[PDB]
Each structure stands twice: as structure tokens, then as C-alpha cells.
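Read through the structure below, which is laid out as C-alpha cells, and then see the notes.
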Amino acid sequence: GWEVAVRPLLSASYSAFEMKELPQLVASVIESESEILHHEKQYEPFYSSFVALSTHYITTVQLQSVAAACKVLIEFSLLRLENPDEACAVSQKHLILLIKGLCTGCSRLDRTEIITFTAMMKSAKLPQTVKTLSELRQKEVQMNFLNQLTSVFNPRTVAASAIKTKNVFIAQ
Amino acid sequence: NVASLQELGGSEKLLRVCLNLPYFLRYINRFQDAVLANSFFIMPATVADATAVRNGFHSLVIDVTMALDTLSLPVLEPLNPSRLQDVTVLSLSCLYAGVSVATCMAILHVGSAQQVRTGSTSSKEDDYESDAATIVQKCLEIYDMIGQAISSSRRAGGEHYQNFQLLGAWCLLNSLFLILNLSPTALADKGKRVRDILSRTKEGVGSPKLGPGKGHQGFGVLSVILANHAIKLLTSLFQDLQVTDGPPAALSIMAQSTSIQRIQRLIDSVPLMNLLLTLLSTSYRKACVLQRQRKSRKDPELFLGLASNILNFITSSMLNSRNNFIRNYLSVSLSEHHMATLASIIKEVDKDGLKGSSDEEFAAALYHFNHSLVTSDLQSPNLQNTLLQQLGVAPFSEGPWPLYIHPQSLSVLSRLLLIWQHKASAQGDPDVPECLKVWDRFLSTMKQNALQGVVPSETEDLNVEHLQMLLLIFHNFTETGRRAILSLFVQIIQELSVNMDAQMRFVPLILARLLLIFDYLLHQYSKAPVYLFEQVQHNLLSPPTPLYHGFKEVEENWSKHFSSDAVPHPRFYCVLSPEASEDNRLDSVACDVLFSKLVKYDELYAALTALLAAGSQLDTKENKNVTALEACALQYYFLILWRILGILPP
Amino acid sequence: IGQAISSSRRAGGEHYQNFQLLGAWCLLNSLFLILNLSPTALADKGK
């Protein structure tokens, strides 16, 4: 379900982002691609705040899956910047600075807005259930294996640890 | 002082003085004819003509020094179109002069290689080579300075800089092709352009055989420097290209053209891919030969760096390109001989092993090129089969399967097989015949080795990663293939136990591996463990010690007898994780297959009961010592057989 | 934007010169207008 998908962001809203919570978040973003971009009005703000929090958390810090998720979010923000509807929980300037942050060192969004994002998060109705917000290991390993097998990540063509990890992240 | 200098209009006078030199005039004229006729002219001609062009080198040195000094003054700012044309003419003529002296020195070295003379190195030849190095370095310096001046000007912009780079790359690539097409003796002795060479190569039914012979005795430091500059220009042009079959881009600094037009002009001038791979192969061969002899020109790291750089250019600029036309060209221009050369390079690097940091960088580059070529769907399947066969690990080969595969060959082989399996499973194609054939051949070779009772060497049979990739390949099969393989395994076990008297004196090492594989099949016949995926990712698909689950007790004795904390080659390994040590749940589908037709369970149990005495007679008389390998082999085999006998129901 | 135009590999010195000319034209016209402001006469009579 989507509730178990959004648990990690809700838990991390009161702390930092646990390293354990990233890969399943990435898997949730990839598996939801067929759904994230085509939607009705009532669910759109919930998706907007979800993507805002997810982007904020990824830019606060296996590379292939992260790159795929980041491309997913960048595309969704792009087509929100083209159309923008009235009922978008995140207005156009925050999409612009979020896109900048994903391409930079994450110094755009502030606490004062992500509190409102979490509040709307809770106040928003879920896609699969009318109720509002207010095994797996082998499967995820197999997707990671297939993702690595299909395509080869650079790595050294672009080119102490944090800096080159950050540089390859911006390159992707 | 500079106010005084540009007040007198000294820039025009200095440029006019530099243009009409009595010695650069021939180079300027030749460059003009080359650009007019679209061809490329270099005339060192024969060895005698090379000497005639030589011996005047000091005048060329003093000329290039004075020209560089003149161009180092601020006399270039008002880049009018006429001034632009004059400046590019001068710079490109100087580059042509550097190319020509490099070709002359290469021809002289080839002619010296023709005749075996043991005379000591004289001072005159040393002066000549130093002069050649100085003139080529100064020519490159002049070219770079003029390019920087053109790029940063406020009257000549990006388009003129692009045309300048295109002209430089064209000259450099033509020079490299000519210098690498020098014959050792045949054309050099029978000679006593580039269009004539292309025509004569096309007319001949068979291409010039530049194979494993000693023909490529040219090359050198000058070739490496020229290739480095050419590759820099090429990567600049292709990076520009990345972001209707028209005419090739005009070779004028004032021409207007797109990046595709410039690249297509470069392709029209010379077939690029063959040239690039030829330089890669020649550079690696020279580096390896020099490294072998050892145990600028006396060091091998320069040629290895050039090879790594050209390979990295081929990877980043071409393989990963998004443009459709360049991908079409790459698909068209790949040849089987290139695959043979790549297989030779892979064999050389895996046999040689790790040597140094430059070797590490070259290995990383080769790994990346190999996997990028495999994954991104340009090579036709026949080319992949050619690469496999030249590697000696073709899935349809008739000989015995090589039980030891070197890491690079294993990586590429596993990558291709897993890609085939993934594509077939996603589409719905039944099981790929290649994997069935490889499993059958592996089992047949294993059976023959078990029958012969042969103990292989440490670098001979069945390293761990080979087995892991084989197991993962097995897991992807359908139920029919897996039950067929289990039935074949049962048949092997039943048949091989009939000659027990001969077995009693053999050393059961192949038997131990067979029993380990059977135990793994019995434990995980249906599903595939996570640690297998992690190991196959880390050991094979990750860029460049392996990770496995070897027997703690057996490896204890093996390391104790090995003593000096090395254990580089793991010979006693286990595939299943130690976590299953707790009472070891047999698979339901496994026993469902076991208690059915196509297998005869009673004689199967009898064979496993009888096989417990497969090494009883080894210790028995000749006063010969029992080495550590054999003792560990018997203990390993007995432990494996005891474990498997404790799981099968009676 | 001027720095982007100057260092590009498709737009060169001439385009940068035109960009500078346009900027200087706008700036100089603005300065002339702002320095020709009347204290009260044209300001009040412009009502």
C-alpha cells in the first residue's frame, strides 16, 4: 500500500533520514512511475507534498536506483512547472528551488515550509483508501541486481569521499 | 613599451615577417595544396629522402623558436578576417611541419630496424632525436597558443575555434594513419599520400595483414604525443556534437557548419574506429614489450596511459552517445578483427595480472569499455559469438569446458549470458539453448575428470566465482530445465559409482565439488538465495579478494599449512551460507522429483552409501608422503558426503 | 547572461559586443531620463 510507502518520510519528519529508510523509498518511487504522473485533482496535493519531502530527504545525503528516482522527480517537477494547476500543494518557485537543490548541495528548502508540507501530508486523503493520513528483501535485492545488470554506471569518467559522491550525484 | 610597439603598427610587420620565411614556405605551400586537393601529403619518402629532409633540422629548430617567440608578443588582438586567415595559415603550417618531422623520424627508425647494425649510439643521432622532440613540442605549443588566442578574442568566436579544432584534428588523424600504415620493409624497399593508399587497399581483395607480425615497429614518443593531442581535439568535437547526409564541413576557418558535418568530414577523410583500435593495440603491445624487457621512450607508463585514454574516449564519447547517426556509424563500423584484437588484449591482461597503478587504471578502462560495449546493444550476435570463441569459452564449443575462467573473461561471459537470459525471460522465449549447452558441457567435463581420478592444479579447475555464476544461471531456468539437470546429475552419480574399486585409490576432489553442487541443488532447488545475488554482483559485475562461504574447518588446515598469511587462491569453498548449519530443511520439490519416474532412488541411495569409501586405499607402501592438498581433499569430501547422507530420507 | 554568451562555443565575440551595446544603450538612456527629472515644474505639469 501507499501508507507503508509514506511511513519512512513521516518517521523522519522528526529526525534525520535513516540510511535504512532510503532503498525502500527509492523502490516506492520507481514502482509508482506508471501512477505518479497521471492523476485527478483530489489526490494531487498529497502527491505534491510527498514528492517535496522525498526530494528534500534524498538531497540531504545503489547509485543507479537513486539516479532513476531523481530523474523521476525531476520529470514530475518539470511537467508541473509547465501546466501548473491551481491545486498544487507546492507552488512554482518551490519547484524551481527544489530542482536547483537536486542539482546542488541542498540549501534551498527551509523548515518553515516542510512543517506545512507534513501538515498537509497528514491532512491529505490516501489514493487507495478514503482514510486520510491524520519476502521484501529478496525482491528489492533482485530489482537492484537487474538494474545493475542492465546498465553500467560510469563511474570514473566524470573524474574526500563525500565530495566525489556528491560530484557523481550532481553529474547523474 | 607595448604602447610604443602597437603604436608603430609592429603587429602587422611581425606577422608579415613570420609568414614569408625561407624555410616554412615549403610547409605552407604543401598545406595549401593538401587543403585544396582534400588529400593529405607527407613526403619523407624513402630512407634516403628522409636523410635528405634531415640534416637541415637545425634551421627548422631556430625558425620554430623565433616564430614561437614572435607569437608570444601581444601582436594578435585585431583579428580581422584577413588577419584570422593569416594566423591560421601560419599555425597550421607549423603543425604540418611538426607532423612531417615526426613522420621522418618514424621512417628513419623503421629503416634502422630493417638492417641489424650493432654500432654504438653516436652523438649525431642523439642530437637528431633531441632536435625532433624539440621541434614537435614547439609546434604543439604554437598550435595551442594560437587556438587560445582565437578562442578568447573579441572578434573571433566559437565557430572559428571549432573550425580551428577541426583542421588540427584532421591533420593529426591523417598523420597518425600514415605513420601507422608504414610497412616494415615491403613498401619501404619497393618505394626506392592517403588517397593512393586507400585506393590500393580497396583494390586488393585481402586487406593488409597487420596481425601479430613485427610490422608495427614504428610508433614512438612522438606518435604518443600526436595521438594525445588528436584525442583531445576529438573529445572536444564529440562533446560539442552530443548537445540530412549533407556535404562534409568545409576546411576553412570562416566556414559555417554543424558538429555532425565536421564529424562526418573527419569520418570521410579516414575510417576512425579502425585507426583508434589500431593505436590502442599497438600502444598496449609496446608497453607490455617494454615492461617485459625491463624486468620517456624507456618508460612504459606513457604508452599505457595513451591506450587507457583512447579506450576511455571510445567509451564516453561513442558508446554512451545519444545521437542516432553516431550509433549507426558505430554499428556499421565494428568488425570481427576488432573482436579478435580485444580478445588478445583481454588474454594478455588476465595472464599478466596486477602489476602497477597504471596497470590498475588500464584494467579499469578495459573493464568499462568491455561492459559498455556488451550492454548497449550495438554489436550483432555473431560478433558476440566471435568474441566468445576467440576467448575460448564459446557456449557451442565441442571441446571440454575450461573449468577455470580468468576474472575479465568470466565477467564478460557472465554479463552476456545473464543479458540473454533476462531478455528471453522477459519476452517469454523458452530456455536459451546456450545455457543448456554450457551446463551439459560443464557436467560432461566434470564427469570425465571424476572418472579419470585427476587432481587439477590450483589455477586449473573451478574457481568459486565460476561456480557462483553457473548456479545463478541455473536458478533462472524453467522447472523443466531444472528437473532435467537434476535427473542428469542423478544419472552421473549412479553411473560413476559402478567402478568403486578404481575409485578406492583415487583422490576425490572432483567428486567433492560434484557432491557440493548436488547438496546446493537439494537445498535450494526452487528459489535463489540473496547472498548469491550479492556475491555475483560484487565479484563479477562490480568494477575492479572475492567473497564466498568457504568451509571454516577445512580452510583452517589449509591456511595453517600455508602459514604465511596469504591464502590468495581459495580451493576449499562452500556455496551455501553457514546460517543453514542449524537442523537443513530439504526442499519439497526436490524430493518430489526424487520420488518419481526418470530417477531410480534405491540404487541412488545405494551409490551414495557405497561412495563413502572413495579414498580408503590412498594412504596405502611406497613410502611416499601425503601432501596437504590430498589430506584436505579427503577430509573435505568426507564432510560433504556425511552432510548430504544425513538429509536424504532412507 | 553576458558571461554565458561570451564563453559559449556557438556565440562569439560579435554577439557579446552587440549584447554590451544594447545594455549600454538602455543604461545611458535611463541615466539621461533620471537626470533630466524636473523638481516640480515638469512633474506637476505632467499631472
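Identifiers in the C-alpha cells: chain A, B, ... in order shown; residue index from 1 per chain; ligand index from 1 in order shown.
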Which residues of chain C sit at most 10 Å from chain B, using only C-alpha atoms? Give each one's shortest atom pair and distance in Å (one decimal place), in chain and ascending residue order, as a Markdown table.
```
| residue | atom | partner | partner_atom | distance |
| --- | --- | --- | --- | --- |
| C:6 | CA | B:157 | CA | 8.5 |
| C:7 | CA | B:152 | CA | 8.1 |
| C:8 | CA | B:158 | CA | 6.5 |
| C:9 | CA | B:158 | CA | 4.1 |
| C:10 | CA | B:158 | CA | 4.9 |
| C:11 | CA | B:158 | CA | 5.9 |
| C:12 | CA | B:157 | CA | 3.5 |
| C:13 | CA | B:154 | CA | 4.1 |
| C:14 | CA | B:155 | CA | 5.9 |
| C:15 | CA | B:157 | CA | 8.9 |
| C:16 | CA | B:154 | CA | 7.9 |
| C:17 | CA | B:154 | CA | 7.7 |
```
Would you save the residues from that selection as a PDB file, in the first residue's frame, using C-alpha atoms?
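Listing of part.pdb after writing:
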```pdb
ATOM      1  CA  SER C   6      30.889  35.339 -24.033  1.00  0.00           C
ATOM      2  CA  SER C   7      32.240  31.892 -23.103  1.00  0.00           C
ATOM      3  CA  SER C   8      29.913  29.870 -25.348  1.00  0.00           C
ATOM      4  CA  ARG C   9      31.152  27.691 -28.203  1.00  0.00           C
ATOM      5  CA  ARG C  10      28.360  28.828 -30.550  1.00  0.00           C
ATOM      6  CA  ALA C  11      28.095  32.572 -29.799  1.00  0.00           C
ATOM      7  CA  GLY C  12      31.316  34.537 -30.041  1.00  0.00           C
ATOM      8  CA  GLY C  13      32.806  37.999 -29.752  1.00  0.00           C
ATOM      9  CA  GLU C  14      30.425  39.788 -32.116  1.00  0.00           C
ATOM     10  CA  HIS C  15      27.319  38.683 -30.213  1.00  0.00           C
ATOM     11  CA  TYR C  16      28.947  39.690 -26.919  1.00  0.00           C
ATOM     12  CA  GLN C  17      29.726  43.111 -28.402  1.00  0.00           C
TER      13      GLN C  17
END
```
(request) Identify, on the basis of only C-alpha atoms, every residue whose closest approach to region 140-153 of chain A does not exceed 8 Å; exclude the query and any residue fewer than 2 positions from it along the same chain; express the result as a PyMOL selection string. (result) (chain A and resi 24+27+62+64-65+136-138+155) or (chain B and resi 371-372+375-376+415+418-419+530+533-534+537+541)
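Shortest atom-to-atom contact with chain B among A:163, A:157, A:172, A:131: A:157, counting only C-alpha atoms.
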(message) So that I can see what lies close to residue 86 (chain A), please list as a list in words the residues with an atom at most 12 Å from it, counting only C-alpha atoms and leaving out residues fewer than 4 positions away in the same chain.
(response)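 Returned residues: residues 41, 42, 44, 45, 80, 81, 90, 91 and 92 of chain A.
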(request) Between CA of residue 460 (chain B) and CA of residue 513 (chain B), measure the distance and give it in Å to one decimal. (result)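 CA of residue 513 (chain B) lies at a distance of 14.0 Å from CA of residue 460 (chain B).
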(request) Provide the CA of residue 75 (chain A) to CA of residue 5 (chain C) distance in Å, to one decimal place. (result) 27.3 Å
(request) Apply DSSP to the structure's backbone, then extract all residues of region 381-579 of chain B labelled helix (DSSP H, G or I) and return them as number ranges by chain. (result) B: 381-391, 407-427, 433-452, 464-475, 479-496, 500-503, 510-523, 530-541, 552-562, 578-579
(request) Write out as a ChimeraX atom specification the residues lying within 12 Å of residue 1 (chain B), counting only C-alpha atoms and excluding same-chain residues fewer than 5 positions away. (result) /B:6-8,10,73-74
(message) Quick check, in Å to one decimal: how far apart do CA of residue 634 (chain B) and CA of residue 556 (chain B) lie?
(response)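 Straight-line distance from CA of residue 634 (chain B) to CA of residue 556 (chain B) works out to 14.7 Å.
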